[PDB]
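Following: one structure in C-alpha cells, then a few remarks.
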Amino acid sequence: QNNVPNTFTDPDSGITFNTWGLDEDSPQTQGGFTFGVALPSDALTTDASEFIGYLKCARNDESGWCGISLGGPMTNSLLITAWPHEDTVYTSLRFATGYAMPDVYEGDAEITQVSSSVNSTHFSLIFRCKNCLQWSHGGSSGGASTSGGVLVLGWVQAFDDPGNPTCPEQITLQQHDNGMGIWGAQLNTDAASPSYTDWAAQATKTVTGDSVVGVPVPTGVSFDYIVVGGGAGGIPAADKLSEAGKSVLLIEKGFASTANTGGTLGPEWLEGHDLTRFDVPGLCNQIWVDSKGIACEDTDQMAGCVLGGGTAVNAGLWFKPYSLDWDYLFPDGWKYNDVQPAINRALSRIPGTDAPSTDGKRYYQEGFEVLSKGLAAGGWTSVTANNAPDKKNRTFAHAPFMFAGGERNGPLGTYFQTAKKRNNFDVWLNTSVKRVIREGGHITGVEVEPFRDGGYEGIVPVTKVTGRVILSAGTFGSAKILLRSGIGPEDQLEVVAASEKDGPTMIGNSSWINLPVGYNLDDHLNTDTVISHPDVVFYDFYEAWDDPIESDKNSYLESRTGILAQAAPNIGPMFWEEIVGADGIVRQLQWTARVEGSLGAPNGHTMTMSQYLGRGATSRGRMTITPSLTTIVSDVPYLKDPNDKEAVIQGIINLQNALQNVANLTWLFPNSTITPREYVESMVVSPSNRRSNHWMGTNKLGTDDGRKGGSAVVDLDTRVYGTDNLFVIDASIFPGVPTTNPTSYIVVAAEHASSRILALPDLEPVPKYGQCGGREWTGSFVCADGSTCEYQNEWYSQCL
Ligand SMILES: Cc1cc2nc3c(=O)[nH]c(=O)nc-3n(C[C@H](O)[C@H](O)[C@H](O)COP(=O)(O)OP(=O)(O)OC[C@H]3O[C@@H](n4cnc5c(N)ncnc54)[C@H](O)[C@@H]3O)c2cc1C
Ligand code: HEM
Ligand SMILES: *[C@@H]1O[C@H](CO)[C@@H](O)[C@H](O)[C@H]1NC(C)=O
Ligand SMILES: *[C@@H]1O[C@H](CO)[C@@H](O)[C@H](O)[C@H]1NC(C)=O
Ligand SMILES: *[C@@H]1O[C@H](CO)[C@@H](O)[C@H](O)[C@H]1NC(C)=O
Ligand SMILES: *[C@@H]1O[C@H](CO)[C@@H](O)[C@H](O)[C@H]1NC(C)=O
Ligand SMILES: *[C@H]1O[C@H](CO)[C@@H](O)[C@H](O)[C@@H]1O
Ligand SMILES: *[C@H]1O[C@H](CO)[C@@H](O)[C@H](O)[C@@H]1O
Ligand SMILES: *[C@H]1O[C@H](CO)[C@@H](O)[C@H](O)[C@@H]1O
Ligand SMILES: *[C@H]1O[C@H](CO)[C@@H](O)[C@H](O)[C@@H]1O
Ligand SMILES: *[C@H]1O[C@H](CO)[C@@H](O)[C@H](O)[C@@H]1O
C-alpha cells in the first residue's frame, strides 16, 4: 500500500477516514485491498484508545478472508479477522505467539458494526474497535500510539474460507495465500474529527454465533555427551564427538527431513526415486508458502524445526570464511589463525560448488549476464567466491552452495551420515528438551517431553561427573533452555517463574545464575531493491512443486541436472563492498541478486537485489521471553547507530554508479524520482520486513564474565559461566554477524569448539570442605562422593 494517506468520505454514515491500500491488478493481492481509520478529536496529539475503521477486502470465486495486524507483525499483536458468510460479515479478534493458528484474544477488546456489504467480488466493512489500540493478552502487553503521527500496520488476504464460518471463536484457518505486507501509515488533518462520538454511538451491532504419546526413558541409559538439537551446529558437533569414541545422544524436537535421514514428506512427482521436498534445491522456496509442521511455533521469527534445522529449509548458500571476520568478531584463540584447522576439516566434508548441476553447467543465466558484465564495466572485479574469500571489496561472483550429487547435501549428507553408522551415536526425534536439571553449577541430566508421537518423556542422565551437555538448540532455542534452567537475566528468569508451564517446577532462586542471555541480538539488515531488464528471463519454481516442466523434470530425475538443481528463485551474482564510516569503522555490505518480484514489481522481467548489512554493524537488539514461554524480539537490532544507516545508503549510491552503464536497464525500486536516502528512511524498520533470517548472539562468547557485569555468556570453551559441564555450540555464540551467510561459519565453529571440548581434561570432583560454588567461582562445581553442595551466600558455596 501507499504511505501518504488519502482522505475518504463514506456518504451513508457521513464518516471520514484516512485510507491506505493496494489495487485490484497490482502484483501483490488478487481483488485489491483498502483500509482506513476514523479517530477521536485529540488523537494526533494524545494517544487514542478506541477507533473506527473501514475494511475493503477481496473475494475470489465467492471465497476468501482478510486480516489486520494493529502492531503490524503477525506475532504478539492484536489481530482483526473478517470473512463473509452469506450476507453477514463475521469478526473474531485473535492473538498469535509464533507463526501458527492465532488463539482468540482474551483481552478487553470488543467489536461493533455499522454497515455490512457483501457482493461477488468484494465484501466491505465499517466497524468500531473498542480498547483495541492498547491490548493485553496472557501477560503480553502491546500498544499503538497515534500520537507519533504514524501507525505501523499489517494486512493479509486469503482464498479459502475458514472452518465453519458461523461461530467466530471456534473457526479453523490455514496460511493466508493471497498477499501480505507491512506499511507505515501516516495520519493528517482529516484523521481526527470532533464528530467522532456521533459516529461512535452509531454502531448498534453485536454479532452472535453458536494429549500426545508419552514413551518413557530406558532403564540404565546414560551418555558422555548430550547434544540438544540437530541444527547447523548440532549435527557436526555430535558427529565429531562420536568419532572420538564418546557415547553421544542427539535430541531433536523435529522429524526426519531429507530422504537419507529417513524422510518421507515431499511433492507428488518425487514418489519412488527417494527424493524429499528438502532434497530438491528447486523446491527449497516452498517453505515460505508452506510452514506446516516445519517452522517453529514458539518463536516470533522463522526457524526450521525439522532435522538439520535451518540447513534443511534454507537456500543452501555456502561460503569459505573471510579471514577478517574471525579476527574482528572473535577474541584470541577464536581468531583466524586459530580456526584455520577448523576450516580445513569443515570444507573437506563440504566443499563449495558454484555449479550445483552435476554436469557442471549453469541454467537461465540471462539475469546473471546483465549484472555481471554491468558490474565489470562498473569497475568491480570478477572472482570465484571460495577461491578468493579475502577479497570482499568491490567484487562479485557466482553463488556457491553446500549442494552435491545435484541434491541438498549440507551437514545432513556428510556429518550426519557418518554419525548414524556408529555404535555410540543415537538420535531421538520428535522430542523437545524443557530444561537441564542441575545441582549448583553441575548438570546431571536433561528433562524431555514429546513434541510428537514417538517422543521421549523423562530425565536422561549424563555419565556421572564427567558427562557434558551441549546446547545446539539455536539462537532462540538455546536461550529459552537456559532461561528455563534458571540461567539468564533477572527480569526474564522471573517471567519463567510466573509462567503456568514451568512455574511450579522451576529451580530455586539461590541457584539462579545471572548472565546477559537474550542480549547482543544481531542479524543482517536486509534492504531490497528491484531492477528491470528486457534480457532477464524469469523461471517459475513455484509451479514446479505440483506441475514441473516436462523437460526439466526428467533432467533432474535422471541425470540430476537442469534448472531444478539450482536454488529458488534463480540466484544471480553476489557482490560485496567494504564501506568506511565516519567513526573509522569498516562496515560490510553484501548484495544478493535473484530473479523474482519483491516489492510489488512484476515477476517476469524484474530482478530483486537484497542488501545485507554485515560485520561492522554496531547496532544490537534484545531477545526476551513471554509468560507463554515463547521467544520474541523485544528490541529491534537494526539501524540504531546512525553510522549504520549511512553505509546502507552509500551502498545503493555506488551500485547505481556501477550499473548505470547498462542499456535498457530500469530501476523500479527505488523509482528514478526518489533518491536512495529518501528510499531508505521511508522504509519501515521491523523484524518482519528487514530480517535476513540469520540470528546470532543471544549467548555471547567472550572473556569478560557476565556474572561480573560483563557481556559474555559462554567462555572461550563455549562453556556457560557458573557451570563446569554445560556447553553451547550454535549460532548463538557469535558476538556479531559475519560478512556472509552464516551457515558455513557455524559448522566451522562446531568443528573448532568440539575439538576444544574433547581436549579438556575430565572433570574432577571437589573434595569435602572445599568450595564448590560462587558467583565468581571458576572451578569444579560438583562435590565428591559422600558430600553435597551447600549454599551459604551468593559469593560462596561449600561441599559438606
Ligand atoms: C529459510 C532460511 C533461509 C536461510 N538462508 C541461508 C542460506 O542460504 N545460507 C546460509 O548460510 N544461511 C541461511 N540461513 C540461516 C541459517 O540456516 C541459520 O542461521 C543456521 O541454521 C543457524 O544454525 P543453528 O544451529 O544455530 O540453529 P538451527 O539451524 O535452527 O538449529 C536448531 C535446531 O534445534 C532444534 N530445536 C530447537 N529447540 C529445541 C529444543 N528446545 N529441544 C530440542 N531441539 C530443539 C531445532 O529443531 C533445530 O533443528 C537461512 C535461514 C532460513 C530459515
Ligand atoms: C492459521 C492461519 C495462519 C498461518 C498458518 C499463518 C502463518 C504465517 C507465516 C508462516 C508468516 C510468515 C511467512 C513468511 O515469512 O514468508 C505469516 C506472516 C504474516 N501473518 Fe500470519 N498466519 C496465519 C493467520 C494470520 C492471521 C489470522 C493474521 C492477522 C489477521 C496474519 C497476519 C500476518 C501478517 C500481516 C504477516 C506478514 C508480517 C509478518 O511476517 O509478521 N496471519 N503468517
Ligand atoms: C516422529 O513423528 C513422525 C510424524 O509425526 C513419524 O512419521 C516418525 O516416525 C516419528 N519418529 C519417531 C522416532 O517416533
Ligand atoms: C533471587 O531473586 C531476587 C529478586 O527476587 C534477585 O535479586 C536475586 O538475584 C535472585 N537470586 C539470584 C541468585 O540471582
Ligand atoms: C574499497 O574499494 C574502494 C574503491 O577503490 C575504496 O574507495 C574503499 O576505500 C575500499 N574499502 C576498503 C575498506 O578498503
Ligand atoms: C515513484 O514512486 C511512486 C511510489 O513508490 C510510484 O507510484 C511511481 O510510479 C514511481 N515512479 C515511476 C516513474 O514509476
Ligand atoms: C460531525 O457532526 C457534527 C454534529 O454532531 C458536525 O458539527 C461536524 O461538522 C461533523 O459533520
Ligand atoms: C459526541 O459526544 C461529544 C462529547 O462532548 C460531543 O462533543 C459530540 O458533539 C457528540 O455529541
Ligand atoms: C443500529 O442502529 C443504527 C442507528 O443508530 C442503524 O443505522 C444501524 O443500521 C443499526 O440498525
Ligand atoms: C451488542 O452487545 C454488546 C454486549 O456487550 C453491547 O455492549 C452492545 O451495546 C450491543 O448491544
Ligand atoms: C534396564 O532394564 C532393561 C530391561 O527393562 C535392561 O535391558 C537394561 O539392561 C537395564 O538393566
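Chain labels run A, B, ... following the order of the C-alpha cells; each chain numbers its residues from 1, and ligands are numbered from 1 in the order shown.
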- prompt: Hey, what does DSSP flag as helix (DSSP H, G or I) within range 496-736 of chain A? Can you give it to me as a ChimeraX atom specification?
  reply: /A:496-497,509-511,543-546,550-559,563-565,642-659,676-681,687-690,706-708,731-733
field: Within 10 Å of ligand 6 (only C-alpha atoms and all ligand atoms), residues as a PyMOL selection string
entry: chain A and resi 1-4+599+666-674+679
Those residues with N, CA, C and O atoms, as a PDB file, in the first residue's frame please?
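The file below, part22.pdb, is the result:
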```pdb
ATOM      1  N   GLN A   1       0.848  -1.175   0.000  1.00  0.00           N
ATOM      2  CA  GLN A   1       0.000   0.000   0.000  1.00  0.00           C
ATOM      3  C   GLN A   1       0.884   1.225   0.000  1.00  0.00           C
ATOM      4  O   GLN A   1       2.072   1.146   0.269  1.00  0.00           O
ATOM      5  N   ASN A   2       0.159   2.303  -0.094  1.00  0.00           N
ATOM      6  CA  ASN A   2       0.533   3.709  -0.168  1.00  0.00           C
ATOM      7  C   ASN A   2       0.787   4.352   1.214  1.00  0.00           C
ATOM      8  O   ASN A   2       0.018   4.159   2.160  1.00  0.00           O
ATOM      9  N   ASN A   3       1.869   5.117   1.329  1.00  0.00           N
ATOM     10  CA  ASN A   3       2.286   5.631   2.634  1.00  0.00           C
ATOM     11  C   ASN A   3       1.475   6.859   3.005  1.00  0.00           C
ATOM     12  O   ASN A   3       0.726   6.845   3.983  1.00  0.00           O
ATOM     13  N   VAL A   4       1.634   7.914   2.210  1.00  0.00           N
ATOM     14  CA  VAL A   4       0.846   9.132   2.350  1.00  0.00           C
ATOM     15  C   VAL A   4      -0.643   8.807   2.266  1.00  0.00           C
ATOM     16  O   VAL A   4      -1.102   8.239   1.276  1.00  0.00           O
ATOM     17  N   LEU A 599       8.827  -6.188  -4.149  1.00  0.00           N
ATOM     18  CA  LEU A 599       8.141  -5.075  -3.505  1.00  0.00           C
ATOM     19  C   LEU A 599       6.791  -4.770  -4.144  1.00  0.00           C
ATOM     20  O   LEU A 599       6.166  -3.755  -3.836  1.00  0.00           O
ATOM     21  N   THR A 666      16.330  -0.669 -16.073  1.00  0.00           N
ATOM     22  CA  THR A 666      15.405   0.238 -15.406  1.00  0.00           C
ATOM     23  C   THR A 666      15.366  -0.043 -13.907  1.00  0.00           C
ATOM     24  O   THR A 666      15.370  -1.199 -13.489  1.00  0.00           O
ATOM     25  N   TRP A 667      15.323   1.015 -13.102  1.00  0.00           N
ATOM     26  CA  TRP A 667      15.228   0.864 -11.656  1.00  0.00           C
ATOM     27  C   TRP A 667      13.796   1.077 -11.185  1.00  0.00           C
ATOM     28  O   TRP A 667      13.302   2.204 -11.182  1.00  0.00           O
ATOM     29  N   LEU A 668      13.129  -0.002 -10.793  1.00  0.00           N
ATOM     30  CA  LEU A 668      11.778   0.113 -10.257  1.00  0.00           C
ATOM     31  C   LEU A 668      11.784   0.577  -8.804  1.00  0.00           C
ATOM     32  O   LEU A 668      11.109   1.542  -8.447  1.00  0.00           O
ATOM     33  N   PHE A 669      12.540  -0.125  -7.968  1.00  0.00           N
ATOM     34  CA  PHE A 669      12.687   0.252  -6.568  1.00  0.00           C
ATOM     35  C   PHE A 669      14.139   0.540  -6.208  1.00  0.00           C
ATOM     36  O   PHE A 669      14.971  -0.366  -6.215  1.00  0.00           O
ATOM     37  N   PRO A 670      14.452   1.806  -5.893  1.00  0.00           N
ATOM     38  CA  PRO A 670      13.547   2.961  -5.925  1.00  0.00           C
ATOM     39  C   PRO A 670      13.269   3.426  -7.352  1.00  0.00           C
ATOM     40  O   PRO A 670      13.995   3.025  -8.261  1.00  0.00           O
ATOM     41  N   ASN A 671      12.246   4.252  -7.551  1.00  0.00           N
ATOM     42  CA  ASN A 671      11.983   4.781  -8.882  1.00  0.00           C
ATOM     43  C   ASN A 671      13.087   5.783  -9.237  1.00  0.00           C
ATOM     44  O   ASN A 671      14.000   6.007  -8.442  1.00  0.00           O
ATOM     45  N   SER A 672      13.011   6.391 -10.413  1.00  0.00           N
ATOM     46  CA  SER A 672      14.042   7.343 -10.814  1.00  0.00           C
ATOM     47  C   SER A 672      13.896   8.681 -10.090  1.00  0.00           C
ATOM     48  O   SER A 672      14.834   9.475 -10.045  1.00  0.00           O
ATOM     49  N   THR A 673      12.721   8.922  -9.517  1.00  0.00           N
ATOM     50  CA  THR A 673      12.423  10.213  -8.901  1.00  0.00           C
ATOM     51  C   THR A 673      12.780  10.257  -7.417  1.00  0.00           C
ATOM     52  O   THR A 673      12.762  11.322  -6.801  1.00  0.00           O
ATOM     53  N   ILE A 674      13.111   9.102  -6.848  1.00  0.00           N
ATOM     54  CA  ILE A 674      13.435   9.015  -5.428  1.00  0.00           C
ATOM     55  C   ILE A 674      14.925   8.787  -5.199  1.00  0.00           C
ATOM     56  O   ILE A 674      15.507   7.843  -5.735  1.00  0.00           O
ATOM     57  N   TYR A 679      14.553   6.787   0.058  1.00  0.00           N
ATOM     58  CA  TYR A 679      14.018   5.439  -0.093  1.00  0.00           C
ATOM     59  C   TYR A 679      14.281   4.584   1.144  1.00  0.00           C
ATOM     60  O   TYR A 679      13.440   3.780   1.539  1.00  0.00           O
TER      61      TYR A 679
END
```
From range 415-566 of chain A, collect each residue whose DSSP state is strand (DSSP E or B) and return the set as a CSV table (one decimal) with N, CA, C and O atoms, in the first residue's frame.
```csv
chain,number,residue,atom,x,y,z
A,425,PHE,N,26.6,-43.6,18.8
A,425,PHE,CA,25.8,-42.4,18.4
A,425,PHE,C,24.3,-42.8,18.4
A,425,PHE,O,23.9,-43.9,17.9
A,426,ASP,N,23.4,-42.0,18.9
A,426,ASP,CA,22.0,-42.2,18.9
A,426,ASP,C,21.2,-41.0,18.7
A,426,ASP,O,21.6,-39.9,19.1
A,427,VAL,N,20.0,-41.1,18.1
A,427,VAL,CA,19.1,-40.0,17.8
A,427,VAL,C,17.7,-40.2,18.3
A,427,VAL,O,17.1,-41.2,18.1
A,428,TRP,N,17.2,-39.2,19.0
A,428,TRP,CA,15.8,-39.2,19.5
A,428,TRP,C,15.1,-38.1,18.8
A,428,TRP,O,15.3,-36.9,19.0
A,431,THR,N,11.2,-35.1,19.9
A,431,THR,CA,11.5,-34.9,21.4
A,431,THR,C,12.1,-33.5,21.7
A,431,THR,O,13.2,-33.2,21.3
A,432,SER,N,11.3,-32.8,22.5
A,432,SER,CA,11.8,-31.4,22.9
A,432,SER,C,12.4,-31.4,24.3
A,432,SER,O,11.9,-32.1,25.2
A,433,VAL,N,13.4,-30.6,24.5
A,433,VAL,CA,14.0,-30.5,25.8
A,433,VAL,C,13.5,-29.3,26.6
A,433,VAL,O,13.7,-28.2,26.2
A,434,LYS,N,12.8,-29.5,27.7
A,434,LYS,CA,12.3,-28.5,28.5
A,434,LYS,C,13.4,-27.7,29.2
A,434,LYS,O,13.4,-26.5,29.2
A,435,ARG,N,14.3,-28.4,29.9
A,435,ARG,CA,15.4,-27.8,30.6
A,435,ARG,C,16.5,-28.7,30.8
A,435,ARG,O,16.5,-29.9,30.5
A,436,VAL,N,17.6,-28.2,31.5
A,436,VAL,CA,18.6,-29.1,32.1
A,436,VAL,C,18.4,-29.0,33.6
A,436,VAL,O,18.3,-27.9,34.2
A,437,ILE,N,18.4,-30.2,34.3
A,437,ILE,CA,18.3,-30.2,35.7
A,437,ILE,C,19.7,-30.2,36.3
A,437,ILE,O,20.6,-31.0,35.8
A,438,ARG,N,19.9,-29.5,37.3
A,438,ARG,CA,21.3,-29.3,37.8
A,438,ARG,C,21.3,-29.1,39.4
A,438,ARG,O,20.4,-28.5,39.9
A,439,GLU,N,22.4,-29.6,40.0
A,439,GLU,CA,22.7,-29.3,41.4
A,439,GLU,C,23.8,-28.3,41.4
A,439,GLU,O,25.0,-28.6,41.2
A,442,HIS,N,26.5,-27.8,38.4
A,442,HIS,CA,26.8,-29.1,37.7
A,442,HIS,C,25.5,-29.7,37.2
A,442,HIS,O,24.6,-30.0,38.0
A,443,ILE,N,25.5,-30.0,35.9
A,443,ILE,CA,24.3,-30.5,35.3
A,443,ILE,C,24.3,-32.0,35.4
A,443,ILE,O,25.3,-32.7,35.0
A,444,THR,N,23.2,-32.6,35.9
A,444,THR,CA,23.1,-34.1,36.0
A,444,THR,C,22.5,-34.7,34.7
A,444,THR,O,23.1,-35.5,34.1
A,445,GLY,N,21.2,-34.3,34.4
A,445,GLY,CA,20.5,-34.8,33.2
A,445,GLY,C,19.6,-33.7,32.6
A,445,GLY,O,19.5,-32.6,33.2
A,446,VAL,N,19.1,-34.0,31.5
A,446,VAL,CA,18.2,-33.1,30.8
A,446,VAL,C,16.7,-33.6,30.8
A,446,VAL,O,16.5,-34.8,30.8
A,447,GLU,N,15.8,-32.7,30.9
A,447,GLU,CA,14.4,-33.1,31.0
A,447,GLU,C,13.6,-32.9,29.7
A,447,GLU,O,13.6,-31.8,29.1
A,448,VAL,N,13.1,-34.0,29.2
A,448,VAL,CA,12.5,-34.1,27.9
A,448,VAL,C,11.0,-34.4,27.9
A,448,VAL,O,10.5,-35.1,28.8
A,449,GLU,N,10.3,-33.8,27.0
A,449,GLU,CA,8.9,-34.1,26.7
A,449,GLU,C,8.6,-34.2,25.2
A,449,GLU,O,9.3,-33.5,24.4
A,450,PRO,N,7.7,-35.1,24.9
A,450,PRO,CA,7.5,-35.4,23.4
A,450,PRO,C,6.9,-34.2,22.7
A,450,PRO,O,5.9,-33.7,23.2
A,457,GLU,N,9.7,-39.1,27.2
A,457,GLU,CA,9.3,-38.4,28.4
A,457,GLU,C,10.0,-38.8,29.6
A,457,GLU,O,9.9,-40.0,30.1
A,458,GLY,N,10.8,-37.9,30.2
A,458,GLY,CA,11.5,-38.2,31.4
A,458,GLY,C,12.8,-37.4,31.5
A,458,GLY,O,13.0,-36.4,30.9
A,459,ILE,N,13.7,-38.0,32.4
A,459,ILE,CA,15.0,-37.4,32.6
A,459,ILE,C,16.2,-38.3,32.2
A,459,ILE,O,16.3,-39.4,32.7
A,460,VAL,N,17.0,-37.9,31.2
A,460,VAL,CA,18.1,-38.7,30.8
A,460,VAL,C,19.4,-38.2,31.3
A,460,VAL,O,19.9,-37.1,30.9
A,461,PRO,N,20.1,-39.0,32.2
A,461,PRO,CA,21.3,-38.6,32.9
A,461,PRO,C,22.6,-38.7,32.0
A,461,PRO,O,22.7,-39.6,31.2
A,462,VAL,N,23.5,-37.7,32.2
A,462,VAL,CA,24.8,-37.8,31.7
A,462,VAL,C,25.6,-38.8,32.5
A,462,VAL,O,25.3,-39.1,33.7
A,468,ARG,N,28.9,-34.3,29.9
A,468,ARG,CA,28.7,-32.9,29.4
A,468,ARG,C,27.4,-32.8,28.6
A,468,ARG,O,27.0,-33.7,27.9
A,469,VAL,N,26.8,-31.6,28.7
A,469,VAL,CA,25.6,-31.3,27.8
A,469,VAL,C,26.0,-30.1,26.9
A,469,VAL,O,26.4,-29.1,27.4
A,470,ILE,N,25.7,-30.3,25.6
A,470,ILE,CA,25.9,-29.2,24.7
A,470,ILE,C,24.5,-28.7,24.2
A,470,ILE,O,23.6,-29.5,23.8
A,471,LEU,N,24.4,-27.4,24.2
A,471,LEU,CA,23.1,-26.8,23.6
A,471,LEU,C,23.3,-26.3,22.2
A,471,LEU,O,24.0,-25.3,22.0
A,487,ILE,N,19.1,-19.9,34.2
A,487,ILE,CA,20.2,-19.1,33.8
A,487,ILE,C,19.8,-18.0,32.8
A,487,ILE,O,19.2,-18.3,31.8
A,513,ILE,N,21.7,-18.4,38.1
A,513,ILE,CA,22.9,-17.7,37.6
A,513,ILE,C,22.5,-16.5,36.7
A,513,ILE,O,21.6,-16.7,35.8
A,521,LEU,N,21.6,-9.3,20.5
A,521,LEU,CA,20.9,-9.9,19.4
A,521,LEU,C,21.3,-9.2,18.1
A,521,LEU,O,21.1,-7.9,18.0
A,522,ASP,N,21.8,-9.9,17.2
A,522,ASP,CA,22.2,-9.3,15.9
A,522,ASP,C,21.7,-10.1,14.7
A,522,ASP,O,21.2,-11.2,14.8
A,525,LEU,N,21.0,-6.6,8.4
A,525,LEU,CA,19.9,-5.7,8.0
A,525,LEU,C,19.6,-5.9,6.5
A,525,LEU,O,20.5,-5.7,5.7
A,526,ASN,N,18.4,-6.3,6.1
A,526,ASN,CA,18.0,-6.5,4.7
A,526,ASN,C,17.3,-5.3,4.1
A,526,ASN,O,16.3,-4.8,4.6
A,527,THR,N,17.8,-4.9,3.0
A,527,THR,CA,17.2,-3.8,2.2
A,527,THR,C,17.0,-4.3,0.7
A,527,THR,O,18.0,-4.5,0.0
A,528,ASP,N,15.8,-4.5,0.3
A,528,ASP,CA,15.5,-4.9,-1.1
A,528,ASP,C,15.6,-3.8,-2.1
A,528,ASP,O,15.3,-2.7,-1.8
A,529,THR,N,15.9,-4.2,-3.3
A,529,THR,CA,15.9,-3.2,-4.4
A,529,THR,C,15.5,-4.0,-5.7
A,529,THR,O,15.7,-5.2,-5.7
A,530,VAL,N,14.9,-3.4,-6.6
A,530,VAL,CA,14.3,-4.0,-7.8
A,530,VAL,C,14.8,-3.3,-9.1
A,530,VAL,O,14.7,-2.1,-9.2
A,531,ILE,N,15.3,-4.1,-10.1
A,531,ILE,CA,15.6,-3.6,-11.4
A,531,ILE,C,14.8,-4.4,-12.5
A,531,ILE,O,14.3,-5.4,-12.2
A,532,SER,N,14.7,-3.8,-13.7
A,532,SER,CA,14.0,-4.4,-14.7
A,532,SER,C,14.8,-4.4,-16.0
A,532,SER,O,15.2,-3.3,-16.4
```
Each residue of chain A with at least one atom at most 6 Å from ligand 4 should appear once, together with its nearest atom pair and the corresponding distance in Å (one decimal); atoms considered: only C-alpha atoms and all ligand atoms; ordering: chain, then increasing residue number; output as a tab-separated table.
```
residue	atom	partner	partner_atom_place_in_ligand_line	distance
A:509	CA	ligand 4	1 (C)	4.6
A:510	CA	ligand 4	13 (C)	4.4
A:511	CA	ligand 4	13 (C)	5.5
A:512	CA	ligand 4	13 (C)	4.4
A:513	CA	ligand 4	14 (O)	5.7
A:514	CA	ligand 4	14 (O)	5.8
```
Of the listed residues A:188, A:430, A:174, A:414, that which approaches residue 215 in chain A most closely, counting only C-alpha atoms: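 When distances to residue 215 in chain A are compared using only C-alpha atoms, the smallest one comes from A:430.
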Spatial neighbours of residue 313 in chain A, 7 Å, only C-alpha atoms, chain gap at least 5 places, as a PDB file with N, CA, C and O atoms, in the first residue's frame:
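Below is the file around_0.pdb, written as the result:
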```
ATOM      1  N   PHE A 278      12.870 -31.533   0.791  1.00  0.00           N
ATOM      2  CA  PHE A 278      14.063 -30.842   1.265  1.00  0.00           C
ATOM      3  C   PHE A 278      15.268 -31.083   0.358  1.00  0.00           C
ATOM      4  O   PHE A 278      16.107 -30.198   0.182  1.00  0.00           O
ATOM      5  N   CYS A 284      13.139 -25.585  -2.765  1.00  0.00           N
ATOM      6  CA  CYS A 284      13.534 -25.017  -1.477  1.00  0.00           C
ATOM      7  C   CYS A 284      12.709 -23.793  -1.082  1.00  0.00           C
ATOM      8  O   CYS A 284      12.598 -23.466   0.099  1.00  0.00           O
ATOM      9  N   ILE A 287       9.092 -23.395   1.431  1.00  0.00           N
ATOM     10  CA  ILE A 287       8.997 -23.250   2.879  1.00  0.00           C
ATOM     11  C   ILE A 287       8.295 -21.941   3.237  1.00  0.00           C
ATOM     12  O   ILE A 287       7.735 -21.799   4.325  1.00  0.00           O
ATOM     13  N   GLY A 304      13.408 -23.280  11.022  1.00  0.00           N
ATOM     14  CA  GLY A 304      13.056 -24.663  10.752  1.00  0.00           C
ATOM     15  C   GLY A 304      13.245 -25.569  11.956  1.00  0.00           C
ATOM     16  O   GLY A 304      14.320 -25.601  12.555  1.00  0.00           O
TER      17      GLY A 304
END
```
message: If we count only C-alpha atoms and set the cut-off at 9 Å, which residues sit around range 77-94 of chain A, ignoring sequence neighbours fewer than 2 positions away in its own chain? Please answer as a PyMOL selection string.
response: chain A and resi 55+57+59+62-75+96-97+102-106+109-111+116-119+123-125+132-137+141-143+161-162+165-169+207-208
12 Å shell around ligand 10 using only C-alpha atoms and all ligand atoms, listed as a short mmCIF file (atom, residue, chain, number, x, y, z; two decimals) with N, CA and C atoms, in the first residue's frame:
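Output saved as out-v5.cif:
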```cif
data_model
loop_
_atom_site.label_atom_id
_atom_site.label_comp_id
_atom_site.auth_asym_id
_atom_site.auth_seq_id
_atom_site.Cartn_x
_atom_site.Cartn_y
_atom_site.Cartn_z
N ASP A 108 -9.67 -7.12 26.67
CA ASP A 108 -10.85 -6.30 26.92
C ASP A 108 -11.51 -5.77 25.65
N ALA A 109 -10.92 -6.07 24.50
CA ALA A 109 -11.39 -5.51 23.23
C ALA A 109 -12.75 -6.06 22.81
N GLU A 110 -13.53 -5.23 22.12
CA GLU A 110 -14.84 -5.63 21.61
C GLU A 110 -15.13 -4.98 20.26
N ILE A 111 -15.75 -5.74 19.36
CA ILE A 111 -16.06 -5.24 18.02
C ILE A 111 -17.55 -4.98 17.83
N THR A 112 -17.88 -3.79 17.33
CA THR A 112 -19.24 -3.44 16.95
C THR A 112 -19.28 -3.03 15.48
N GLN A 113 -20.43 -3.18 14.84
CA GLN A 113 -20.54 -2.91 13.41
C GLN A 113 -21.49 -1.76 13.08
N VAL A 114 -21.19 -1.06 11.99
CA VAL A 114 -22.06 -0.02 11.46
C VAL A 114 -22.77 -0.52 10.21
N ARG A 128 -16.35 -0.57 14.57
CA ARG A 128 -15.77 0.20 15.67
C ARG A 128 -15.05 -0.72 16.65
N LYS A 130 -13.19 -1.18 20.16
CA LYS A 130 -13.06 -0.58 21.49
C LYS A 130 -11.91 -1.22 22.27
N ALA A 200 -19.47 7.16 16.79
CA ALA A 200 -19.17 6.06 17.70
C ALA A 200 -20.44 5.40 18.22
N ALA A 201 -21.41 6.22 18.61
CA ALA A 201 -22.69 5.72 19.11
C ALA A 201 -23.54 5.18 17.96
N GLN A 202 -23.06 5.36 16.74
CA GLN A 202 -23.79 4.94 15.55
C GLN A 202 -23.53 3.47 15.21
N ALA A 203 -22.74 2.78 16.03
CA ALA A 203 -22.54 1.36 15.82
C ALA A 203 -23.43 0.58 16.77
N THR A 204 -24.51 0.03 16.23
CA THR A 204 -25.54 -0.64 17.01
C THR A 204 -25.46 -2.16 17.00
N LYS A 205 -24.48 -2.72 16.31
CA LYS A 205 -24.47 -4.15 16.05
C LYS A 205 -23.56 -4.97 16.97
N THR A 206 -24.12 -6.06 17.49
CA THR A 206 -23.34 -7.09 18.17
C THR A 206 -23.65 -8.43 17.52
N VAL A 207 -22.65 -9.02 16.87
CA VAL A 207 -22.85 -10.24 16.08
C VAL A 207 -22.67 -11.51 16.91
N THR A 208 -23.67 -12.39 16.84
CA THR A 208 -23.66 -13.64 17.60
C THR A 208 -23.18 -14.84 16.79
#
```
- request: Within 6 Å of range 382-399 of chain A, counting only C-alpha atoms, which residues show up once you throw out same-chain ones fewer than 5 positions away? Write them as a ChimeraX atom specification, please.
  value: /A:320,322,354,573-578
message: Please find the residues contacting ligand 5 at a distance of at most 12 Å between atoms, with only C-alpha atoms and all ligand atoms counted, and report them as number ranges by chain.
response: A: 324, 378-381, 390-395, 576-581, 584-589, 615-616, 647, 650-651, 654, 658
- prompt: Given a cut-off of 7 Å, what residues near ligand 11 show up using only C-alpha atoms and all ligand atoms, put as a PyMOL selection string?
  reply: chain A and resi 218-220
